[PDB]
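Okay, structure first, notes after.
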Amino acid sequence: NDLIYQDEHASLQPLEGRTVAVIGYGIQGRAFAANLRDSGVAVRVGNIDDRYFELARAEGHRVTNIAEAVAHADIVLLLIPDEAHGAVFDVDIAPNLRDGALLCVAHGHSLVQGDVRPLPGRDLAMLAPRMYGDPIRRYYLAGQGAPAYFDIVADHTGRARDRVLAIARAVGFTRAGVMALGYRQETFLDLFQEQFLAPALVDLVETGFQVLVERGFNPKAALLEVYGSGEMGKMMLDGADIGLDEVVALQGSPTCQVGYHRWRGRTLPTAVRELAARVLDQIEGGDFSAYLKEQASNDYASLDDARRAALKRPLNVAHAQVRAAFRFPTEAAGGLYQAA
Amino acid sequence: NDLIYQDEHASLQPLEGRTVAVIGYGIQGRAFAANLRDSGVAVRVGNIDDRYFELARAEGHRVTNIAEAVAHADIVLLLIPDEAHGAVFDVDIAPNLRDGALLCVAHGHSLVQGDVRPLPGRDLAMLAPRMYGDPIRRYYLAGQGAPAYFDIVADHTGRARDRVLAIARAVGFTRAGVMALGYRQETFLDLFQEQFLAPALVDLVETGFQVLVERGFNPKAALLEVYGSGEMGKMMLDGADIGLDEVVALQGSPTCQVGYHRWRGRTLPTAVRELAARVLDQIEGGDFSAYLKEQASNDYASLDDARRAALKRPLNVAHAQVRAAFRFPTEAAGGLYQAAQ
Ligand SMILES: NC(=O)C1=CN([C@@H]2O[C@H](COP(=O)(O)OP(=O)(O)OC[C@H]3O[C@@H](n4cnc5c(N)ncnc54)[C@H](O)[C@@H]3O)[C@@H](O)[C@H]2O)C=CC1
Ligand SMILES: NC(=O)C1=CN([C@@H]2O[C@H](COP(=O)(O)OP(=O)(O)OC[C@H]3O[C@@H](n4cnc5c(N)ncnc54)[C@H](O)[C@@H]3O)[C@@H](O)[C@H]2O)C=CC1
Ligand SMILES: CC(C)CC/C(O)=C(/O)C(=O)O
Ligand SMILES: CC(C)CC/C(O)=C(/O)C(=O)O
Ligand SMILES: [Mg+2]
Ligand SMILES: [Mg+2]
Ligand SMILES: [Mg+2]
Ligand SMILES: [Mg+2]
Ligand code: NA
């Protein structure tokens, strides 16, 4: 039976007189660092000598190297890329982590790989948000939050749970719900979303766009319908609330609803389900983890090549033409991470 | 090259001293009515004797039967289901449409089928928003808009275009962009999104949930990752702004990016391409239109059954379980259609 913590199940008492070192000031680090400060938690940033160090200083944080941040903290949040956990743990964290100190990862990968490990006298946990940085930050400022999963891997102090959930509460996850889930399950689940679901959603949008273009439809209009209008985006985000079939029922004309229900449950052949299983086997079997380590140890040059190639795909050429000629509703993001 | 109107390309001058009859107070009707009212346009609602009639009165609109609203209007927006257009046009609109009056549809279907036709002495246009009612209304109140396609079908007065684009500005569509597109192409494009893409997107989310649960993953966690968390919804909506591959490049960890690009462009078999082609054929050759008419004739009895059947699929059973347990952040839609500035 699932164990889910909300605001009534956590407090900031565990953080009284304690310092949190946010290690890394990237997509997660910046949001955690911002939300912790605004919740009145004493917070530090530990970062290498790169652009994120300068950004942290620009947004008013105490910033040092990782070793000094860890040395001066009761709670350490390791929010750097997963392939870099091993070296930073062995060289910078493990040697400097105080007795009774808590170390938290935001993803189970490094724990499954044995790159981050329990240490005598210290607490090890996962607090893994189900959302990226900007949304977590905007939700927090509007008195809301996104969900998280947590796992208490090692608890020498016996106070690991209260401290992990106090961190979750300070960053806002308890406003949605923080659910117990093993670090190993979170790893395979998270990598599945990234490797099957997300690529497949975009491939499907792209297939809609490519067929419409081949069949002589206006490319701007084809792009707009398949996601560019924001309509498929809204259906999916409104669907998160009330349900996907329920969005079509509430919001679709009878013409739309009859069309939708003619093909609902019939569009995908069994080969899609079978690829999903192949992707899961690769994640669980160690094949992905090996591929990731290869792709990593060049400062991700093969990823740079892929990101640049993607921007010249027809869909993305058409996106730039539509966005130049159609204004999309956005919200000002300036000072979003400065003190509330 | 495309014809795309924004705010600097339209004005409210063509609506000075003119009345708009909104026919229907549904998803589109309620949104048009509110945005028109708030933009300082005199508006009336024409509606049959159902709950939408009472809703329009409760939200403070002048409501009558369709015939009276049309008879007292310079511009008429036909915002009822597409299969009801034929009988309402013949009985309520055509005999009461003033000389020099404009009739607009928000979808090209009734025009393709010939159920709404040009009338001597009058203007006929399509103004088809690329968005449903709630977002249209929320965007408007934020000083933003949804995109729309327009087509001038008949222009007796010579003022059809100015008036269509005037309505578009009043409702907020020109804050995004209003593009000239033929009613026939809008019909097939709009139906294709509804009949191929939207089902495929939900079928794919469903496949994700099903494979995870059948391999013994926590059902609540599986539901959350495939859409329930809002993350995949946020990726698609943010992607509308900056691009889908760009969202993953800006917001995804290096782990996420390496995984995404390992399978991006390799997930779908050719069968999904061929299905989209099959759906376009059914739409273009009149097979869907025949199907919709058989469906409409039953008072949408089959639609009621499928809607109730869908609530019992494991995905939607897991949805209610997740939503009872996790709080999802949403704005109060309660005041959304109340009078504004
Ligand atoms: N991307 C997301 O929104 C989410 C991230 N996570 C997890 O959170 C953690 C942080 O991920 P992101 O914020 O996306 O990462 P990111 O790509 O934004 O990481 C940037 C930060 O990592 C530091 N960094 C990078 N390589 C380093 C190295 N070799 N040594 C030291 N510091 C280094 C940079 O200085 C910078 O502060 C990861 O474990 C990730 O799996 C999980 C949930 C959501
Ligand atoms: N659903 C959407 O978000 C969008 C709809 N459209 C188009 O807008 C038009 C309106 O569709 P929705 O607002 O979604 O429909 P809806 O299902 O919300 O329509 C409800 C309204 O239609 C009236 N109505 C229903 N049957 C009627 C009949 N037989 N005679 C007279 N009035 C009747 C009701 O009294 C009520 O006012 C359609 O042509 C549709 O294709 C296009 C763009 C977006
Ligand atoms: C409910 C969403 C997915 C579709 C709404 C839409 O854009 C239409 O043309 C219609 O419902 O007829
Ligand atoms: C950017 C979206 C699709 C994913 C963000 C997320 O949930 C992760 O675990 C990650 O980036 O590593
Ligand atoms: Mg994730
Ligand atoms: Mg439609
Ligand atoms: Mg549509
Ligand atoms: Mg991840
Ligand atoms: Na429903």
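We count ligands from 1, going down the list as the structure has it; atoms in each ligand are counted the same way. To find a chain, count down the sequence lines: A is the first, B the second, and so on, and within it residues start at 1.
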Distance from atom 10 (C) of ligand 1 to nearest protein heavy atom, with residue and atom: A/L79 C, 3.7 Å
Hey, are the side chains of A/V45 and A/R62 touching, using non-hydrogen atoms and a 4.5 Å cut-off? no
A/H85 side chain to A/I80 main-chain N or O, any donor-acceptor pair under 3.5 Å? yes
N/O donor-acceptor pair under 3.5 Å between A/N298 side chain and A/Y300 backbone: no
Is A/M235 close to B/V202 at the side-chain level, that is, under 4.5 Å between some pair of heavy atoms? yes
Taking a cutoff of less than 4.0 Å between a non-hydrogen atom of the residue and any ligand atom, is A/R30 in contact with ligand 1? no
Among all protein heavy atoms in this structure, tell me which lies nearest to atom 17 (O) of ligand 1, with the distance rounded to 0.1 Å. B/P254 CD, 3.2 Å
Should A/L212 and B/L280 count as side-chain neighbours, where that means a heavy-atom distance under 4.5 Å? yes
Without placing hydrogens or testing angles, list every side-chain donor-acceptor pair under 3.5 Å for residues 187-198 of chain B, not counting sequence neighbours.
from   : atom 1 : to     : atom 2 : distance (Å)
B/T187 : OG1    : B/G108 : O      : 3.2
B/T187 : OG1    : B/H109 : N      : 3.3
B/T187 : OG1    : B/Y183 : O      : 2.7
B/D190 : OD1    : B/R130 : NH2    : 3.0
B/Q193 : NE2    : A/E225 : O      : 2.9
B/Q193 : NE2    : A/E231 : OE1    : 3.0

Where do A/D90 and A/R117 land on the salt bridge (charged side-chain N to carboxylate O under 4.0 Å, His left out) test, with the steps shown first? CA-CA 10 Å; A/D90 291 339; A/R117 283 172 317 270; 2.9 Å; yes
Does the pair B/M126 and B/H107 meet the rule for a side-chain contact (heavy atoms from CB on, under 4.5 Å), with working shown? CA-CA 7 Å; B/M126 177 184 78; B/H107 183 41; over 6 Å; no
Note, B/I136 side chain near B/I27 side chain (heavy atom, < 4.5 Å): no
So, for B/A128 and B/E186, which heavy atoms are closest and what is the spacing to 0.1 Å? CB-OE2, 3.5 Å
Check: B/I283 and B/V279 side chains under 4.5 Å, non-hydrogen atoms: yes
Would you mind checking if A/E68 and A/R44 are paired as a salt bridge, meaning a charged N to carboxylate O distance below 4.0 Å? no
I'd like to know if B/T255 contacts ligand 1, where contact means a heavy-atom distance under 4.0 Å to any ligand atom. no
Going by the order shown, which atoms of ligand 1 are within less than 4.0 Å of some heavy atom of A/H85? 39 (O)
At under 4.0 Å between heavy atoms, what of A/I80 touches ligand 1? The answer is both
Just to be sure I read this right, does ligand 1 sit under 4.0 Å from the backbone of B/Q251, its side chain, both, or neither, counting only heavy atoms? backbone
Below 4.0 Å, non-hydrogen atoms only: which portion of A/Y132 touches ligand 1? Side chain, backbone, both or neither. both
Look at atom 11 (O) of ligand 1 and say which protein heavy atom is nearest, naming residue and atom and giving the distance to 0.1 Å. B/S253 CB, 3.9 Å
Can you tell me if A/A128 contacts ligand 1 (heavy atom of the residue under 4.0 Å from the ligand)? no
Which ligand 1 atoms are under 4.0 Å away from a heavy-atom of A/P129? 43 (C)
Could you give the distance from CG (A/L111) to CG (A/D151), rounded to the nearest 0.5 Å? 8.0 Å
Side chain proximity check, A/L103 to A/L78, heavy atoms < 4.5 angstrom: yes
Is it possible for you to check whether B/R262 lies under 6.0 Å from the centre of the six-membered ring of A/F288, through NZ or CZ, and within 45° of that ring's axis? no
Around the Mg ion (ligand 7), how many protein N/O/S atoms fall inside 2.8 Å? 1
Is there any side-chain hydrogen bond (donor to acceptor under 3.5 Å, both in side chains) pair reaching into residues 238-252 of chain A, and which pairs are they, with sequence neighbours excluded? A/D238-B/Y132, A/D245-A/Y260, A/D245-A/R264, A/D245-B/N316, A/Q251-B/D134
A/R51: heavy atom below 4.0 Å from ligand 1, yes or no? no
Atom 42 (C) of ligand 1: which of A/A148, A/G108, A/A106 has the nearest heavy atom? A/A106
Output for pair (A/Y25 OH, A/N47 CG), nearest 0.5 Å, gives 10.0 Å
Evaluate A/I27 for polar contact with ligand 1, using N/O atom pairs at a separation under 3.5 Å. yes
With heavy atoms of A/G24 as the reference, note each atom of ligand 1 found under 4.0 Å away. 37 (O)
Residue pair A/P129 / A/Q28, side-chain heavy-atom distance below 4.5 Å: yes
Closest to atom 22 (O) of ligand 1 (heavy atoms only, candidates A/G26, A/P81, A/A56) is A/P81
As a quick check of understanding, evaluate ring pair (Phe, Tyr, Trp, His ring centres under 6.0 Å) for B/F32 and B/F173, giving each step before the final call. CA-CA 11 Å; B/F32 269 85; B/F173 302 135; 5.6 Å; yes
Spacing of B/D82 atom CG and A/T255 atom OG1 [to the nearest 0.5 Å]: 3.5 Å
Might you work through the side-chain contact (heavy atoms from CB on, under 4.5 Å) test for A/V226 and A/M232, ending with a clear yes or no? CA-CA 7 Å; A/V226 301; A/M232 295 293 97; 5.9 Å; no
Write out the residue and atom name of the closest protein heavy atom to atom 34 (C) of ligand 1, then the distance separating them to 0.1 Å. A/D50 OD2, 3.4 Å
For atom 6 (N) of ligand 1, closest protein heavy-atom neighbour: A/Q28 CG, 3.8 Å
Which protein heavy atom lies closest to atom 30 (N) of ligand 1, and at what distance to 0.1 Å? A/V88 CG2, 3.8 Å
Every N, O or S from the protein that is nearer than 3.0 Å to the Na ion (ligand 9): A/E246 OE1
Among all protein heavy atoms, pick out the one at the shortest distance from atom 28 (C) of ligand 1; state its residue, atom name and that distance to 0.1 Å. A/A84 CB, 3.8 Å
For A/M131, take its heavy atoms, then give the atoms of ligand 1 lying under 4.0 Å from any of them. 44 (C)
In the protein, what heavy atom is nearest to atom 31 (C) of ligand 1, and what distance, to one decimal place, separates them? A/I48 CG2, 3.5 Å
With heavy atoms and a 4.0 Å threshold, my read on which part of A/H107 contacts ligand 1 is side chain
To atom 41 (O) of ligand 1, the nearest of A/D92, A/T187, A/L127, A/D82 on a heavy-atom basis is A/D82
